[PDB]
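Peer 1: Next comes start-v1.cif, mmCIF, C-alpha atoms:
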data_final
#
loop_
_atom_site.label_atom_id
_atom_site.label_comp_id
_atom_site.auth_asym_id
_atom_site.auth_seq_id
_atom_site.Cartn_x
_atom_site.Cartn_y
_atom_site.Cartn_z
CA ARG A 7 -20.88 -20.00 6.25
CA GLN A 8 -21.90 -17.16 8.68
CA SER A 9 -19.83 -13.99 7.83
CA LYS A 10 -20.49 -10.43 9.05
CA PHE A 11 -19.06 -9.40 5.60
CA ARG A 12 -21.55 -11.49 3.53
CA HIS A 13 -23.26 -8.32 2.17
CA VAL A 14 -20.19 -6.04 1.64
CA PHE A 15 -20.76 -4.22 -1.70
CA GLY A 16 -18.96 -1.63 -3.83
CA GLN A 17 -20.50 1.50 -5.34
CA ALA A 18 -18.85 4.04 -7.69
CA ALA A 19 -18.99 7.64 -6.35
CA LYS A 20 -21.24 10.21 -8.16
CA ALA A 21 -19.71 11.63 -11.41
CA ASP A 22 -19.12 15.00 -9.60
CA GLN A 23 -17.04 13.25 -6.83
CA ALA A 24 -14.41 12.19 -9.45
CA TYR A 25 -11.08 13.95 -10.29
CA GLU A 26 -11.10 14.62 -14.08
CA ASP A 27 -8.48 15.58 -16.76
CA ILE A 28 -5.42 13.92 -15.03
CA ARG A 29 -2.89 12.20 -17.42
CA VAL A 30 -2.12 8.99 -15.39
CA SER A 31 1.44 7.65 -16.03
CA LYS A 32 1.49 4.79 -18.63
CA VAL A 33 5.08 3.77 -17.63
CA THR A 34 5.26 -0.07 -17.34
CA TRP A 35 5.70 -0.63 -13.57
CA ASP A 36 3.51 -2.81 -11.28
CA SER A 37 3.15 -0.29 -8.37
CA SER A 38 -0.34 1.19 -7.80
CA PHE A 39 0.68 4.74 -9.08
CA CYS A 40 -1.69 6.24 -6.48
CA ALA A 41 -1.16 7.14 -2.77
CA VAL A 42 -4.12 8.56 -0.77
CA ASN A 43 -4.34 9.79 2.88
CA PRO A 44 -7.12 11.55 4.85
CA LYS A 45 -6.17 14.97 3.30
CA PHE A 46 -4.76 14.28 -0.19
CA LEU A 47 -4.87 12.21 -3.40
CA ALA A 48 -1.42 11.67 -5.05
CA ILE A 49 -1.18 10.21 -8.59
CA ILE A 50 1.89 9.48 -10.73
CA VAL A 51 1.30 11.38 -14.04
CA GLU A 52 2.62 11.37 -17.64
CA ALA A 53 5.77 13.62 -17.61
CA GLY A 56 11.33 13.46 -16.42
CA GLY A 57 9.15 12.29 -13.50
CA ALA A 58 6.07 13.98 -11.98
CA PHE A 59 3.12 13.30 -9.68
CA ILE A 60 0.09 15.44 -8.78
CA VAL A 61 -1.18 16.06 -5.23
CA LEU A 62 -4.86 17.11 -4.92
CA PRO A 63 -6.64 18.13 -1.69
CA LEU A 64 -9.52 15.56 -1.45
CA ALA A 65 -12.14 18.41 -1.48
CA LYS A 66 -10.91 19.61 -4.97
CA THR A 67 -13.17 17.31 -7.06
CA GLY A 68 -14.08 17.89 -10.75
CA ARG A 69 -11.88 19.06 -13.66
CA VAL A 70 -8.19 19.65 -12.77
CA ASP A 71 -6.92 22.89 -14.42
CA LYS A 72 -4.46 22.28 -17.34
CA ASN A 73 -1.96 24.51 -15.37
CA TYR A 74 -2.42 22.69 -11.99
CA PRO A 75 1.02 22.54 -10.27
CA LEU A 76 2.88 19.17 -10.16
CA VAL A 77 5.69 17.74 -7.99
CA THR A 78 8.56 17.61 -10.56
CA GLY A 79 11.91 17.27 -8.67
CA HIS A 80 12.85 13.90 -10.28
CA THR A 81 14.72 13.67 -13.65
CA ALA A 82 13.21 10.26 -14.69
CA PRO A 83 9.84 8.54 -14.15
CA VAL A 84 8.38 8.27 -10.64
CA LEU A 85 7.85 4.58 -9.76
CA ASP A 86 6.40 4.71 -6.21
CA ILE A 87 4.84 7.20 -3.78
CA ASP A 88 3.93 6.65 -0.07
CA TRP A 89 2.41 9.06 2.53
CA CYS A 90 4.16 9.38 5.93
CA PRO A 91 1.96 7.51 8.49
CA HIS A 92 2.78 10.14 11.18
CA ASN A 93 2.45 13.33 9.04
CA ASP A 94 -0.48 13.80 6.61
CA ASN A 95 1.46 16.60 4.73
CA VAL A 96 4.62 14.48 4.01
CA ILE A 97 4.95 12.15 0.96
CA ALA A 98 8.03 10.25 -0.32
CA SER A 99 8.61 9.60 -4.04
CA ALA A 100 11.02 7.02 -5.59
CA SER A 101 12.29 7.35 -9.17
CA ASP A 102 14.06 5.65 -12.09
CA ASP A 103 16.62 8.50 -11.44
CA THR A 104 17.89 6.29 -8.46
CA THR A 105 16.79 8.91 -5.83
CA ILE A 106 14.09 9.17 -3.14
CA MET A 107 12.66 12.65 -2.45
CA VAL A 108 10.60 13.53 0.65
CA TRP A 109 8.16 16.43 0.14
CA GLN A 110 6.38 18.94 2.44
CA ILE A 111 2.89 19.34 0.83
CA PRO A 112 1.18 22.73 1.41
CA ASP A 113 -2.54 22.87 2.39
CA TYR A 114 -2.88 25.60 -0.35
CA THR A 115 -2.11 25.53 -4.13
CA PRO A 116 1.50 26.63 -4.86
CA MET A 117 2.21 29.18 -7.67
CA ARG A 118 4.30 26.73 -9.78
CA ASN A 119 5.57 23.11 -9.81
CA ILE A 120 7.11 21.94 -6.49
CA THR A 121 10.80 21.16 -7.35
CA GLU A 122 12.59 21.43 -3.91
CA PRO A 123 12.00 18.52 -1.48
CA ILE A 124 12.75 18.51 2.31
CA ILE A 125 15.56 15.99 1.55
CA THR A 126 16.91 13.84 -1.32
CA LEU A 127 18.12 10.34 -0.30
CA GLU A 128 20.91 9.02 -2.62
CA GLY A 129 21.87 5.42 -1.65
CA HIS A 130 20.85 3.25 -4.63
CA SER A 131 22.92 2.76 -7.85
CA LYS A 132 19.79 1.74 -9.89
CA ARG A 133 16.05 2.64 -10.09
CA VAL A 134 14.12 2.89 -6.79
CA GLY A 135 10.73 1.21 -7.41
CA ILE A 136 9.68 0.32 -3.83
CA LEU A 137 9.02 2.58 -0.77
CA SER A 138 7.42 1.76 2.57
CA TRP A 139 7.34 4.03 5.63
CA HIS A 140 7.90 2.25 8.95
CA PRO A 141 4.57 1.83 10.80
CA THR A 142 5.76 2.80 14.35
CA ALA A 143 9.28 4.42 14.27
CA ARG A 144 9.42 8.21 13.67
CA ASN A 145 10.93 9.22 10.27
CA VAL A 146 11.99 5.62 9.36
CA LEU A 147 11.56 4.88 5.59
CA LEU A 148 12.38 1.70 3.62
CA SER A 149 13.48 1.76 -0.05
CA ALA A 150 14.38 -1.14 -2.35
CA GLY A 151 16.14 -0.65 -5.71
CA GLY A 152 17.13 -2.43 -8.95
CA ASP A 153 20.54 -2.90 -7.22
CA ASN A 154 18.64 -5.57 -5.14
CA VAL A 155 19.55 -3.50 -2.01
CA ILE A 156 17.02 -2.69 0.76
CA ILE A 157 17.89 0.57 2.59
CA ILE A 158 16.26 1.71 5.87
CA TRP A 159 16.62 5.52 6.21
CA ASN A 160 16.18 8.15 8.94
CA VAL A 161 14.41 10.84 6.84
CA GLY A 162 15.05 13.44 9.63
CA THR A 163 18.88 13.11 9.42
CA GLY A 164 19.32 11.61 5.89
CA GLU A 165 21.32 8.77 7.60
CA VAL A 166 21.29 5.11 6.40
CA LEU A 167 20.23 3.09 9.52
CA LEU A 168 20.57 -0.34 7.81
CA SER A 169 21.73 -1.43 4.32
CA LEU A 170 20.68 -5.00 3.29
CA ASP A 171 22.73 -5.55 0.08
CA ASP A 172 22.80 -8.93 -1.78
CA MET A 173 20.34 -10.69 0.63
CA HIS A 174 18.36 -11.52 -2.58
CA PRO A 175 20.05 -13.40 -5.47
CA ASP A 176 17.73 -11.70 -8.06
CA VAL A 177 15.22 -8.83 -8.56
CA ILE A 178 13.16 -7.89 -5.45
CA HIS A 179 9.48 -7.53 -6.57
CA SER A 180 7.96 -6.38 -3.22
CA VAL A 181 8.90 -5.50 0.40
CA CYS A 182 6.30 -5.21 3.24
CA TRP A 183 6.64 -4.37 6.97
CA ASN A 184 4.65 -6.47 9.50
CA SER A 185 2.24 -4.52 11.78
CA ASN A 186 4.89 -3.43 14.38
CA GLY A 187 7.74 -3.04 11.80
CA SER A 188 9.91 -5.82 13.38
CA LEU A 189 10.07 -7.93 10.15
CA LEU A 190 10.04 -7.66 6.32
CA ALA A 191 8.36 -9.97 3.79
CA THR A 192 9.90 -10.01 0.29
CA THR A 193 9.23 -11.63 -3.08
CA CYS A 194 12.10 -12.36 -5.48
CA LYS A 195 12.53 -13.25 -9.21
CA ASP A 196 14.13 -16.51 -7.87
CA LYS A 197 10.41 -17.40 -7.19
CA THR A 198 10.65 -17.56 -3.36
CA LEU A 199 9.17 -15.74 -0.35
CA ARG A 200 11.45 -14.55 2.47
CA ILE A 201 10.81 -13.16 5.96
CA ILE A 202 13.77 -10.96 7.00
CA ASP A 203 14.75 -9.51 10.40
CA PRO A 204 16.42 -6.31 9.13
CA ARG A 205 18.08 -5.38 12.49
CA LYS A 206 19.57 -8.96 12.69
CA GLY A 207 20.48 -8.81 8.94
CA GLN A 208 19.13 -12.37 8.60
CA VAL A 209 16.51 -14.26 6.57
CA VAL A 210 14.45 -15.85 9.42
CA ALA A 211 12.04 -17.87 7.15
CA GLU A 212 12.26 -18.73 3.43
CA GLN A 213 10.89 -21.20 0.86
CA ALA A 214 13.71 -23.75 0.19
CA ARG A 215 12.51 -23.83 -3.50
CA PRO A 216 9.68 -22.39 -5.69
CA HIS A 217 6.21 -23.95 -4.97
CA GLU A 218 5.21 -25.98 -8.10
CA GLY A 219 7.17 -23.45 -10.26
CA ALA A 220 4.84 -20.58 -9.18
CA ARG A 221 6.14 -16.92 -9.25
CA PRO A 222 5.13 -14.78 -6.18
CA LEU A 223 5.15 -11.02 -7.09
CA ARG A 224 3.50 -9.44 -3.97
CA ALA A 225 3.27 -10.45 -0.31
CA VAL A 226 1.75 -8.76 2.76
CA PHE A 227 1.55 -9.82 6.42
CA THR A 228 -1.79 -10.76 7.99
CA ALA A 229 -2.53 -9.40 11.50
CA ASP A 230 -1.39 -12.80 12.99
CA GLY A 231 1.93 -12.91 11.02
CA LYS A 232 0.95 -15.23 8.14
CA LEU A 233 1.70 -14.09 4.56
CA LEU A 234 -0.77 -13.39 1.76
CA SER A 235 0.99 -13.59 -1.62
CA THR A 236 -0.18 -12.95 -5.21
CA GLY A 237 1.56 -14.20 -8.34
CA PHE A 238 1.30 -16.65 -11.26
CA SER A 239 1.19 -20.48 -11.39
CA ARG A 240 3.52 -22.56 -13.64
CA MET A 241 0.60 -22.29 -16.17
CA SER A 242 0.22 -18.41 -15.82
CA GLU A 243 -2.95 -18.71 -13.63
CA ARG A 244 -3.19 -15.71 -11.26
CA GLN A 245 -3.00 -16.98 -7.64
CA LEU A 246 -3.73 -15.75 -4.10
CA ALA A 247 -1.97 -17.87 -1.46
CA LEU A 248 -1.94 -17.87 2.37
CA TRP A 249 1.39 -19.03 3.94
CA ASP A 250 2.31 -20.12 7.48
CA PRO A 251 6.01 -19.13 7.61
CA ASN A 252 6.63 -21.93 10.23
CA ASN A 253 5.76 -24.46 7.40
CA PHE A 254 6.70 -22.69 4.10
CA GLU A 255 6.70 -25.83 1.80
CA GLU A 256 2.85 -25.91 1.27
CA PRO A 257 0.35 -22.99 1.31
CA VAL A 258 -2.43 -23.04 4.00
CA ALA A 259 -4.77 -21.98 1.11
CA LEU A 260 -4.44 -21.33 -2.65
CA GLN A 261 -7.07 -19.58 -4.81
CA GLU A 262 -6.39 -19.77 -8.61
CA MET A 263 -8.43 -17.33 -10.70
CA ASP A 264 -7.83 -16.28 -14.35
CA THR A 265 -5.00 -16.43 -16.95
CA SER A 266 -4.91 -12.55 -17.19
CA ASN A 267 -1.51 -10.72 -17.55
CA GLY A 268 -1.61 -8.13 -14.70
CA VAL A 269 0.12 -8.42 -11.29
CA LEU A 270 -2.68 -8.50 -8.64
CA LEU A 271 -2.06 -5.94 -5.84
CA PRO A 272 -3.33 -7.15 -2.43
CA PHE A 273 -5.05 -4.50 -0.28
CA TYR A 274 -5.38 -6.06 3.17
CA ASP A 275 -7.76 -4.77 5.93
CA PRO A 276 -6.39 -6.28 9.20
CA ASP A 277 -9.52 -5.24 11.24
CA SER A 278 -12.04 -6.98 8.88
CA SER A 279 -9.48 -9.61 7.79
CA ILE A 280 -10.48 -8.81 4.14
CA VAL A 281 -8.11 -8.75 1.15
CA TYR A 282 -9.09 -6.89 -2.04
CA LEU A 283 -7.30 -7.84 -5.28
CA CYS A 284 -6.95 -5.89 -8.50
CA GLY A 285 -4.24 -5.29 -11.08
CA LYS A 286 -3.51 -2.89 -13.91
CA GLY A 287 -5.82 -3.80 -16.81
CA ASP A 288 -8.46 -5.39 -14.51
CA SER A 289 -12.04 -3.95 -14.61
CA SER A 290 -12.96 -5.76 -11.32
CA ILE A 291 -12.06 -5.74 -7.60
CA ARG A 292 -12.33 -9.24 -6.10
CA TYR A 293 -12.43 -9.58 -2.32
CA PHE A 294 -11.98 -12.39 0.18
CA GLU A 295 -12.33 -12.93 3.96
CA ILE A 296 -9.43 -14.65 5.84
CA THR A 297 -10.56 -16.81 8.85
CA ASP A 298 -9.33 -19.95 10.74
CA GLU A 299 -12.37 -21.91 9.37
CA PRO A 300 -11.26 -24.02 6.34
CA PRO A 301 -10.78 -23.25 3.53
CA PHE A 302 -9.37 -20.14 5.38
CA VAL A 303 -9.52 -17.89 2.26
CA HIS A 304 -13.25 -17.24 1.59
CA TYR A 305 -14.45 -15.47 -1.59
CA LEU A 306 -16.98 -12.70 -0.68
CA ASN A 307 -17.81 -10.86 -3.93
CA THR A 308 -16.54 -8.85 -6.91
CA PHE A 309 -17.10 -5.19 -7.79
CA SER A 310 -17.41 -5.29 -11.62
CA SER A 311 -17.06 -2.54 -14.24
CA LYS A 312 -16.50 -2.21 -18.02
CA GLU A 313 -13.38 0.05 -17.44
CA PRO A 314 -9.81 -1.36 -17.01
CA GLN A 315 -7.85 0.37 -14.19
CA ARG A 316 -4.49 2.16 -14.80
CA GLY A 317 -3.73 2.14 -11.04
CA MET A 318 -5.47 2.15 -7.65
CA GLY A 319 -5.30 4.03 -4.35
CA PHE A 320 -6.66 2.74 -1.03
CA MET A 321 -7.82 5.12 1.75
CA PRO A 322 -6.29 4.50 5.21
CA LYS A 323 -8.69 3.94 8.17
CA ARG A 324 -8.45 7.60 9.39
CA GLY A 325 -10.03 8.73 6.07
CA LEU A 326 -13.07 6.36 6.01
CA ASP A 327 -16.61 7.73 6.54
CA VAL A 328 -17.53 5.63 9.62
CA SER A 329 -21.00 7.31 9.79
CA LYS A 330 -21.85 5.50 6.46
CA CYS A 331 -20.24 2.09 7.43
CA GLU A 332 -17.59 2.67 4.71
CA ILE A 333 -14.95 -0.10 5.36
CA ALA A 334 -12.78 0.74 2.29
CA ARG A 335 -12.47 3.46 -0.33
CA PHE A 336 -10.60 2.81 -3.57
CA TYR A 337 -9.30 5.59 -5.85
CA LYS A 338 -9.49 3.90 -9.29
CA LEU A 339 -7.21 5.37 -12.00
CA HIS A 340 -8.61 5.57 -15.53
CA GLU A 341 -6.63 6.98 -18.52
CA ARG A 342 -7.66 10.63 -17.67
CA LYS A 343 -9.53 10.53 -14.31
CA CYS A 344 -9.65 9.17 -10.74
CA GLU A 345 -13.00 7.60 -9.64
CA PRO A 346 -13.62 6.72 -5.94
CA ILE A 347 -15.25 3.30 -5.26
CA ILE A 348 -16.86 2.97 -1.78
CA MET A 349 -17.07 -0.44 0.01
CA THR A 350 -19.95 -0.57 2.55
CA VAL A 351 -21.04 -3.02 5.28
CA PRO A 352 -24.79 -2.16 5.15
CA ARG A 353 -25.83 -1.94 8.87
CA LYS A 354 -28.49 0.84 8.26
CA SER A 355 -27.60 2.27 11.73
CA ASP A 356 -26.92 5.83 13.02
CA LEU A 357 -24.83 4.21 15.83
CA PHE A 358 -21.01 3.92 15.61
CA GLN A 359 -20.38 0.25 14.59
CA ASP A 360 -17.54 -0.68 17.06
CA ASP A 361 -17.18 -4.24 15.73
CA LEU A 362 -16.29 -2.77 12.25
CA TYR A 363 -14.03 0.02 13.62
CA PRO A 364 -11.72 -1.23 16.37
CA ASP A 365 -9.03 1.21 17.59
CA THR A 366 -6.49 1.67 14.75
CA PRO A 367 -2.91 2.98 14.36
CA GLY A 368 -2.91 6.77 14.73
CA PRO A 369 -0.61 9.54 13.47
CA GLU A 370 1.76 9.48 16.52
CA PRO A 371 4.86 7.23 16.35
CA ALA A 372 5.34 4.63 19.15
CA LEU A 373 9.21 4.84 18.95
CA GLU A 374 12.02 7.18 17.88
CA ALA A 375 14.30 5.95 15.03
CA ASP A 376 17.23 5.33 17.46
CA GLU A 377 15.02 3.32 19.92
CA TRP A 378 13.81 1.12 17.03
CA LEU A 379 17.39 0.65 15.70
CA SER A 380 18.54 -0.36 19.26
CA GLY A 381 16.01 -3.26 19.01
CA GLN A 382 12.92 -1.92 20.87
CA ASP A 383 9.53 -3.19 19.54
CA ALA A 384 6.26 -1.34 20.30
CA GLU A 385 2.68 -1.80 19.07
CA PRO A 386 1.35 1.21 17.12
CA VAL A 387 -0.21 4.01 19.22
CA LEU A 388 -3.95 3.38 18.60
CA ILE A 389 -6.72 6.00 18.20
CA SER A 390 -10.53 5.69 18.08
CA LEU A 391 -12.28 6.44 14.74
CA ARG A 392 -15.38 7.65 16.70
CA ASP A 393 -13.45 10.88 17.66
CA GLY A 394 -13.44 11.88 13.90
CA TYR A 395 -10.28 13.21 12.11
CA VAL A 396 -7.43 13.82 14.67
CA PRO A 397 -4.58 15.74 12.92
CA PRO A 398 -0.95 14.59 13.41
CA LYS A 399 0.94 16.60 16.15
CA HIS A 400 3.73 17.11 13.48
CA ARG A 401 2.96 19.62 10.62
CA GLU A 402 6.50 20.39 9.25
CA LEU A 403 9.04 17.47 9.15
CA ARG A 404 12.31 19.40 9.99
CA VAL A 405 15.62 17.91 8.60
#
Transcribe the structure of this file into structure tokens.
Peer 2:
Amino acid sequence: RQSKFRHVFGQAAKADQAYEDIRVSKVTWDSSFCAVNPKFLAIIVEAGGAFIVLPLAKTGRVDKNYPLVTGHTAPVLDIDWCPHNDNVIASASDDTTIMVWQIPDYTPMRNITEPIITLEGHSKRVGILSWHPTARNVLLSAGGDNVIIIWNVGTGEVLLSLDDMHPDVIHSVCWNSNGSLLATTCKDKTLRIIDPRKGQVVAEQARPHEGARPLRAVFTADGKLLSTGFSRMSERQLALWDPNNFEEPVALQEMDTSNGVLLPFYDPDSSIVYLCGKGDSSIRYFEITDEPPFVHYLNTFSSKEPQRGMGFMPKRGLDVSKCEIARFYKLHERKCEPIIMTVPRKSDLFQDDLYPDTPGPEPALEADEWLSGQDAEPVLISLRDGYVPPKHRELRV
């Protein structure tokens, strides 16, 4: 099989490119515990609830007295950077709140305790966050109350509240590329595609597939679903679903009988998905194409060190000059180690076929335009122009 990704390989960064002496949270939750953007590395740490934010240039040993973000009163369960502001991060906590933070470029004098805004809509833990890809200041949360809330961060207003659309625990919620639809996984063992503005499930599995449990699901660029989960016999699975025919997967890859939820990291430009879970020492990666069997194993980056979490650098942070197509931020017990994925062209020329124009830091829509039903594609930028800072510095509430 001819693949331009045949020779994609991982390499650990040099020891002095690591972030050392960071107490990674050991709370039992299946989120990645790590959010990275082109400026910052954010990690959920052993605390109440706390996370650390490090400028990417500040490699080596983190000072014992390095300031933390500590506004929450119970463990932090999820963190997500604003796609349209590289100094804004949202945190979700077991305390039932979401806090949205203005991160300084400098080191503050003490712990950051005062967010831009606190969002109080859930009656139970908030373990899922996802910023809207195109609509300014729009933020999704999903809680242990099985409610999905879509917020306007700028006003603190609830735009949409999807209560009781799931009969049991919601494991994951993903936007599609233009933020018109949601994909969800549920403890009732079924996938759903939801139109949040219609308040309707538009596609669902009538019943579980051979008693399998989906725990994560993301959209492919063409609107199919990639799910991860466990078979009836506890075999970890990657599946590709056509939501127009939800009764049989297009493709199913069964792997090992390990315990950890596999997190899918999907590259829509390469059509590559990387899988790894808490406790895994490896990163396994696959190409998705319309040639059968559609899901194509490429390779595995192996190590002797189980991960405690994993960050994934957005496109605007990749080193295009080195044909870096992904950068993982692997969490160990006490450190964060970058792992670089390379397509080895051995060329000083910008590789356009690897780096098509990609969503930039400018929103395509205002919150009210999106709520009124407008759809737009993301505003694309070129990665050849280097780092282009967001127009917005301070998110004003």
Peer 1: Where does region 35-89 of chain A meet region 301-319 of chain A within 6 Å, residue by residue, with the nearest atom pair and distance in Å to one decimal for each, counting all atoms listed in the file, listed by chain and rising number, as CSV?
Peer 2:
residue,atom,partner,partner_atom,distance
A:38,CA,A:317,CA,4.8
A:39,CA,A:317,CA,5.5
A:40,CA,A:319,CA,4.7
A:41,CA,A:319,CA,5.4
A:42,CA,A:319,CA,5.9
Peer 1: Counting only C-alpha atoms, write as a list in words all protein and nucleic acid residues lying at most 8 Å from (-16.1, 9.9, -8.0) in the file's frame.
Peer 2: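 In the file's frame, the residues around the point are residues 18, 19, 20, 21, 22, 23, 24, 25, 344, 345, 346 and 347 of chain A.
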Peer 1: Around the point (9.4, 12.4, -13.0), in the coordinates given by the file, pick out the residues reaching within 9 Å, counting all atoms listed in the file, and return them as a list in words.
Peer 2: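 Protein, DNA and RNA residues close to (9.4, 12.4, -13.0): residues 50, 51, 52, 53, 56, 57, 58, 59, 77, 78, 79, 80, 81, 82, 83, 84, 85, 101, 102 and 103 of chain A.
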Peer 1: Check what the PyMOL selection byres ((chain A and resi 250-265) around 7) selects in the file above and give those residues as a PyMOL selection string.
Peer 2: chain A and resi 211-213+232-233+242-249+266-267+301-303
Peer 1: Show which residues sit within 10 Å of residue 228 (chain A), as a PyMOL selection string. Count all atoms listed in the file, and ignore same-chain residues fewer than 6 positions away.
Peer 2: chain A and resi 184-185+234+248-249+274-276+279-281+296
Peer 1: Return the single residue from A:216, A:141, A:112, A:68 that is closest to residue 369 (chain A), with distances computed using all atoms listed in the file.
Peer 2: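 Of A:216, A:141, A:112, A:68, the one nearest residue 369 (chain A), counting all atoms listed in the file, is A:141.
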Peer 1: Can you work out which one of A:362, A:387, A:161, A:70 has the shortest atom-to-atom distance to residue 332 (chain A), counting only C-alpha atoms?
Peer 2: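 Closest candidate: A:362.
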Peer 1: What is the CA of residue 358 (chain A) to CA of residue 292 (chain A) distance in Å?
Peer 2: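 The value is 26.8 Å.
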Peer 1: Report, in Å to a single decimal, how far apart CA of residue 181 (chain A) and CA of residue 220 (chain A) are.
Peer 2: 18.3 Å
Peer 1: Report the distance between CA of residue 354 (chain A) and CA of residue 329 (chain A) in Å, rounded to one decimal place.
Peer 2: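 We find that CA of residue 354 (chain A) and CA of residue 329 (chain A) lie 10.0 Å from each other.
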Peer 1: Run the PyMOL selection byres ((chain A and resi 148) around 8) mentally over the shown coordinates, then write out the matched residues as an MDAnalysis selection string, using the chain letters and numbers from the document.
Peer 2: chainID A and resid 137:140 146:147 149:150 156:159
Peer 1: Restricting the calculation to all atoms listed in the file: of A:288, A:402, A:365, A:172, which residue gets closest to residue 386 (chain A)?
Peer 2: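 Looking only at the distances to residue 386 (chain A), the closest residue turns out to be A:365.
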Peer 1: Go through A:34, A:231, A:168, A:105 one by one, measure the shortest atom-to-atom distance of each to residue 130 (chain A) using all atoms listed in the file, and give the residue with the smallest value.
Peer 2: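 Among the listed residues, the smallest separation from residue 130 (chain A) belongs to A:105.
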Peer 1: From the options A:120, A:125, A:202, A:49, which residue's atoms come nearest to residue 88 (chain A), counting all atoms listed in the file?
Peer 2: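 The closest residue to residue 88 (chain A) is A:49.
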Peer 1: Return region 169-186 of chain A, completed with N, CA and C atoms, as a compact mmCIF listing (two decimals), keeping the file's coordinate frame.
Peer 2:
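Result written to out.txt:
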# COMPACT_ATOMS: atom_id res chain seq x y z
N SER A 169 21.58 -1.16 5.77
CA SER A 169 21.73 -1.43 4.32
C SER A 169 21.75 -2.95 4.16
N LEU A 170 20.74 -3.54 3.53
CA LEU A 170 20.68 -5.00 3.29
C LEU A 170 21.00 -5.22 1.81
N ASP A 171 22.29 -5.27 1.47
CA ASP A 171 22.73 -5.55 0.08
C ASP A 171 22.83 -7.07 -0.14
N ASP A 172 22.50 -7.54 -1.33
CA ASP A 172 22.80 -8.93 -1.78
C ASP A 172 22.20 -9.98 -0.82
N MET A 173 21.09 -9.67 -0.15
CA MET A 173 20.34 -10.69 0.63
C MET A 173 19.40 -11.44 -0.31
N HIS A 174 19.17 -10.89 -1.51
CA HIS A 174 18.36 -11.52 -2.58
C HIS A 174 19.26 -11.82 -3.77
N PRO A 175 19.22 -13.05 -4.32
CA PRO A 175 20.05 -13.40 -5.47
C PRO A 175 19.55 -12.83 -6.80
N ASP A 176 18.36 -12.23 -6.82
CA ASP A 176 17.73 -11.70 -8.06
C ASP A 176 16.76 -10.58 -7.67
N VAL A 177 16.03 -10.07 -8.66
CA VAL A 177 15.22 -8.83 -8.56
C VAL A 177 14.26 -9.00 -7.38
N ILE A 178 14.16 -7.97 -6.55
CA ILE A 178 13.16 -7.89 -5.45
C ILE A 178 11.89 -7.28 -6.03
N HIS A 179 10.76 -8.00 -5.99
CA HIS A 179 9.48 -7.53 -6.57
C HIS A 179 8.69 -6.71 -5.55
N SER A 180 8.80 -7.02 -4.27
CA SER A 180 7.96 -6.38 -3.22
C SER A 180 8.65 -6.50 -1.86
N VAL A 181 8.43 -5.51 -1.01
CA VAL A 181 8.90 -5.50 0.40
C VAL A 181 7.79 -4.88 1.23
N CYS A 182 7.40 -5.57 2.31
CA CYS A 182 6.30 -5.21 3.24
C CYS A 182 6.83 -5.28 4.67
N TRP A 183 6.50 -4.28 5.51
CA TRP A 183 6.64 -4.37 6.97
C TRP A 183 5.50 -5.22 7.57
N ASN A 184 5.75 -5.94 8.66
CA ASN A 184 4.65 -6.47 9.50
C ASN A 184 4.08 -5.33 10.36
N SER A 185 3.06 -5.60 11.17
CA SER A 185 2.24 -4.52 11.78
C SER A 185 3.07 -3.66 12.75
N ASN A 186 4.07 -4.22 13.43
CA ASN A 186 4.89 -3.43 14.38
C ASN A 186 6.27 -3.12 13.79
